[PDB]
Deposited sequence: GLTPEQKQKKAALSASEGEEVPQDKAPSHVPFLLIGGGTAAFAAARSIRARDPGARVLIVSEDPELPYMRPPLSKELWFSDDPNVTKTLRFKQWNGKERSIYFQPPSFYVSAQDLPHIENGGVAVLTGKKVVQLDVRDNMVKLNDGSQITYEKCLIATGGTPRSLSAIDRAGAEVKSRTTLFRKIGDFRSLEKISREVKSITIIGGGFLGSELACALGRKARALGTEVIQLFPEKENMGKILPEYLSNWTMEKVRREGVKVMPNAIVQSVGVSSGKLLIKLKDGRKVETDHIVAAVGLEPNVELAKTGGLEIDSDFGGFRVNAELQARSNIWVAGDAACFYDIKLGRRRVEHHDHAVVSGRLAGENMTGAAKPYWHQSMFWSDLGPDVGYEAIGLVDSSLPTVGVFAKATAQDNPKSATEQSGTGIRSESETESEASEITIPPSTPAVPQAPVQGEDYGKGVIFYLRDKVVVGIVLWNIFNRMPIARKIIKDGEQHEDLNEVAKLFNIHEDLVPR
């Protein structure tokens, strides 16, 4: 499949934000011709199942089909749409009533804002009328792993894509011990996924990270400590306060040495230590990068320049209510991609509907979050005993979708000038609209125990 020479809507990157933008454009303009250029070989797909439900299938073909069961058992594909949804890129200009094409395996390597043109890595030039940059980010490694040999680098997975799921799943069945580096939500999800597999196969899983507890940069100490206990109980050797000094190879094994002197021998490493936004195009493009948050600096409408917008993990945007931010969440990619698509068809709307975050550690434990969430902010948490329905599985049986979008549950309010600017919900489902309204209203609350009643948390 070849690139057309001109396309009205050009979306750079073939992930969640681009897909959402394409759908939005087509809804606003039903004959739109939209080209997605994707360096990846895969059609657009959702990432969350890669660290969650794909690991909990009881089906040995899941690695081939990439159809997973949600916690409720409803089956679905990781792809947003099947191939039949798309048209060919070369035919895009001629198909009556347009369509969405994906040019896969192709990287945009130059942006020329003056001439409304991009150059691909094979040398093709495409002119556009409107352009969305939705390039997401690249997983970070550790300098310690960078300074190790090629052999250490070959046995380290920087977990992000379908191909990483497939390699790691195969590895999980071949080796004795896997070490996850990273204590955030992704690391902890992977630790639970691998912990589960290790129980059936009789293997080992280690999770190490610098913080005192799992998700300690986000959650208050009491819930981060509870979370660490939960991951341990999945049969994970959790090693907090761990800074990697060096990694080497010895007798076939990876040898990880910590600053504090502890040593881990393992067979493979998985890194989940965060993301670097993909801003290479800012150079040729003359586009501003945000030096505080990283990513492309765009306004409240996600606009960089007259006919260029940015969405998803790559966009540092102005939130009129909460201030300048950059967000790396699935629902944010959907919401921002959809908004950018509306704006590319003339809507001129600011980012207003707050996106949410969610994480599940198996079908029994879930977290949701919205707004400005950081364990350095002042927090007030209100907790209660969990009922039978306060878990991701029993929630998934209602919707029924796994893609969200004695204490066992609770709410945590994150405060700035004693207004709620962020909320985390622990095992409380189907209440994100209430959390969204609380943050939107921006009231000073006499009693956060009263607000907690809105989440069905009582005393």
Review point. Going from the first residue of the deposited sequence to the last, where are the unmodelled runs?
Key: 1-23, 429-456, 511-515
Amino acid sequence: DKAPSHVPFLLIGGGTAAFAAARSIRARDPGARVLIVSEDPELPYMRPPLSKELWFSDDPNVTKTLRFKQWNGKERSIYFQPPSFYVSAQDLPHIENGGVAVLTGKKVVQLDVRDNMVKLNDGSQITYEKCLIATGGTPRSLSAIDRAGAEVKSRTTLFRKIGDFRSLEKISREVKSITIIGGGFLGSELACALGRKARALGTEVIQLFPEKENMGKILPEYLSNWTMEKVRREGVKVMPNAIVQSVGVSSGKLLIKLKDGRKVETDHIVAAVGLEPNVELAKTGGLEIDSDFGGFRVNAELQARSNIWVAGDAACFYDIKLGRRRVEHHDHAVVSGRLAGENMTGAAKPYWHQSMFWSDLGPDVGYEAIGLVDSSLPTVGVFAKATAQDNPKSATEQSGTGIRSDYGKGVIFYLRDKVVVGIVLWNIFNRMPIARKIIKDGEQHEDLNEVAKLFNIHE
From here on, numbers count along this sequence of modelled residues.
Practice item. Check the entry's C-alpha temperature factors for 257-265 and 111-119, then say which stretch has the higher mean. Key: 257-265
Review point. Of 211-219 and 141-149, which one has the bigger average CA B-factor?
Key: 141-149
Revision key, fill the gap. The largest CA temperature factor among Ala340, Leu322, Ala198, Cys316 is found at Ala198
**Study point:** Highest-ranked of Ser51, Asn430, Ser38, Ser405 once sorted by CA temperature factor in the record
**Key:** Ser405
Review point. What third of the chain, by the recorded C-alpha B-factor, contains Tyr351?
Key: lowest
Exercise for review: Name the third of the chain's ranked CA B-factors that contains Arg26, choosing lowest, middle or highest.
Suggested key: lowest
Practice item. Would you check the entry's CA temperature factor for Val244 and let me know if it's in the chain's lowest, middle or highest third? Key: highest
Review point. When the modelled residues of the chain are sorted by Cα temperature factor, does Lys440 land in the lowest, middle or highest third?
Key: middle
Review point. Once the chain's modelled residues are ordered by C-alpha B factor and cut into thirds, is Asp374 in the lowest, middle or highest one?
Key: highest
